[PDB]
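Q: build me a structure from this.
(chains A and B, ligands or ions: 6)
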Amino acid sequence: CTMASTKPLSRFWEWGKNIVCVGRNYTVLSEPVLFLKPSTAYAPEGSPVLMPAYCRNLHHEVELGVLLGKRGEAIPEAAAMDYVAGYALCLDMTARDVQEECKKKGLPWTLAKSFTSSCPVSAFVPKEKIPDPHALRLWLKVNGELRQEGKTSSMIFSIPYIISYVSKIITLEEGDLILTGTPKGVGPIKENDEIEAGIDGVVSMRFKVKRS
Amino acid sequence: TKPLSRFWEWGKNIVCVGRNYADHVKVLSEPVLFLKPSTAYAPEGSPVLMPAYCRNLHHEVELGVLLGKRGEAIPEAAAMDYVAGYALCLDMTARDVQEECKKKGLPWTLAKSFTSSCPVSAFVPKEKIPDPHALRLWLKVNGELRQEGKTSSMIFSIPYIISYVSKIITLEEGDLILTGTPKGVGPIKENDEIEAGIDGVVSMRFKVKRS
Ligand SMILES: [Cl-]
Ligand SMILES: [Cl-]
Ligand SMILES: [Cl-]
Ligand SMILES: [Mg+2]
Ligand SMILES: [Mg+2]
Ligand SMILES: [Mg+2]
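A: Residues are numbered from 1 along each chain as shown, chains lettered A, B, ... in the order given. Ligands and ions are numbered 1, 2, ... in the order given. Provided below are the atomic coordinates:
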């Protein structure tokens, strides 16, 4: 089978190897902060967000995800958008107190950012549906109440810039995903809370928060 | 197909422990964990590529544990049933960048997770290693011994590490865990030749090249 019974972009979470996330993109450094999630962070719509046992302060971060359509090694910024298959709406689910400890102790962010279900993900949005990734409204509601809204025009580092920089450090494979940061309004969730989030005019998704 | 013999071709995730050897310093706190991407794999035949930004590249010879099976919250007593086998690995580290990451309280990504940051030997089936904690690892640079140590010097056992990791991160078929480096970590420069092995089991050669 030489088809999309092999690498279907509509199911990128099933076969995608790597997830790369930018830090503060809405002190900021000369470059975007980068951290990884494992493939097993993916929570496709229908999956709950799982509060880890060790987690006291679970935070939502609505983020635009950029899906790579082809292998990219030191991708030029001017070519970067030729490497994009499309987008997903994502949550960068964060154990915020663990993260405070990680920052303070100079440890890796893995227990804060990389747990099971730490990357809820919408249906695949083909590139065609988004003329301009930097002209979108991201929104997130908890129990029907708006908590984050932000414009992707507010991004400090552009998506072509991010793809380029990341690919110079980490070769990206077909189906790798880059989370491009969260606007203002990040905040906590508790067991049995309902998250709704969307990109205006493009896609919405629902997640319930549960425990292990 | 997805042969475990070629796990680097298709494996999704690499998890690495911090310091797990009691034979050097460069109520026990849990093991530090960090991730490498799939594109960290440098299978034998690949060179190690020094990132442009790197001033102080370090070798870390490590025993890699390959998972055969999906595992969530694996009990320590069951952990070894999830192991398909082993690989000899290098946890290639930009040491100065790591100091910068620690100082700012940022992720260790640029220090630990670059392209080719995980050189990897031929797959060793579990059968060939009755006791993972009774192995000698060694590494030479340009013919000169730099690291040697026993996996009996590990602070946390392999079943412990698999268990702890799986409670935080579900492991897939083909995921790899690097279990730490013995004494002798140190720098390597462009055009250095690395030889490393597990006594009685496997050896590997790598050349270090630049951008
Ligand atoms: Cl927390
Ligand atoms: Cl360095
Ligand atoms: Cl990290
Ligand atoms: Mg984030
Ligand atoms: Mg991965
Ligand atoms: Mg190591």
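Q: what residues are bridge-paired with the residue nearest the centre of chain A?
A: Most central in chain A under CA atoms, centre = their mean is residue A:179, positioned 3.4 Å from the mean C-alpha point. Per DSSP bridges, the residues bridged to residue A:179 are residue A:21, residue A:65.
Q: for it, list the residues it contacts.
A: Shown in contact with residue A:179 (CB atoms under 8 Å, 6 or more residues apart in numbering or on different chains): A:19, A:20, A:21, A:22, A:37, A:63, A:64, A:65, A:90, A:92, A:119. Where C-beta positions appear, they are placed from N, C-alpha and C, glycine not excepted.
Q: over to residue A:83?
A: A:68, A:69, A:70, A:72, A:75, A:163, A:167, A:172.
Q: in space, what's closest to the closest residue to ligand 4 within chain A - neighbours in sequence excluded?
A: Residue of chain A nearest ligand 4, by CB to the ion: residue A:92 (3.5 Å). Residue nearest to residue A:92 in three dimensions, not counting chain neighbours: residue A:61, with 3.7 Å by CB to CB, 6 or more residues apart in numbering or on different chains.
Q: double-check the one you found against residue A:89; I have them as touching.
A: No: with contact defined as CB atoms under 8 Å, residue A:61 does not reach residue A:89; the gap is 11.6 Å.
Q: the more surrounded of these two?
A: residue A:89 (25 against 22; other CB atoms under 10 Å in any protein chain shown).
Q: what about the residue lying closest to that one once chain neighbours are set aside, distance to ligand 5?
A: Leaving out its chain neighbours, the residue that sits closest to residue A:89 by CB to CB, 6+ apart is residue A:122, at 3.9 Å. Remark: distance between residue A:122 and ligand 5 (CB to the ion, to the nearest Å) = 20 Å.
Q: ok, now residue A:92?
A: From residue A:92 to ligand 5 the distance is 16 Å (CB to the ion).
Q: was I right to think that residue contacts residue A:58?
A: No: at 11.5 Å, residue A:92 does not count as touching residue A:58 under the criterion of CB under 8 Å.
Q: which ones are touching the residue lying closest to residue A:93 once chain neighbours are set aside?
A: Counting by CB to CB, 6+ apart, residue A:93 lies nearest to residue A:118, which is 4.6 Å off, once chain neighbours are set aside. The contact partners of residue A:118, taken as CB under 8 Å, 6+ apart, are A:37, A:41, A:92, A:93, A:94.
Q: so how far is residue B:88 from the third one?
A: As judged by CB to CB, to the nearest Å, residue A:92 and residue B:88 stand 34 Å apart.
Q: same thing with the first one?
A: Applying CB to CB, one obtains 27 Å for the distance of residue A:37 from residue B:88.
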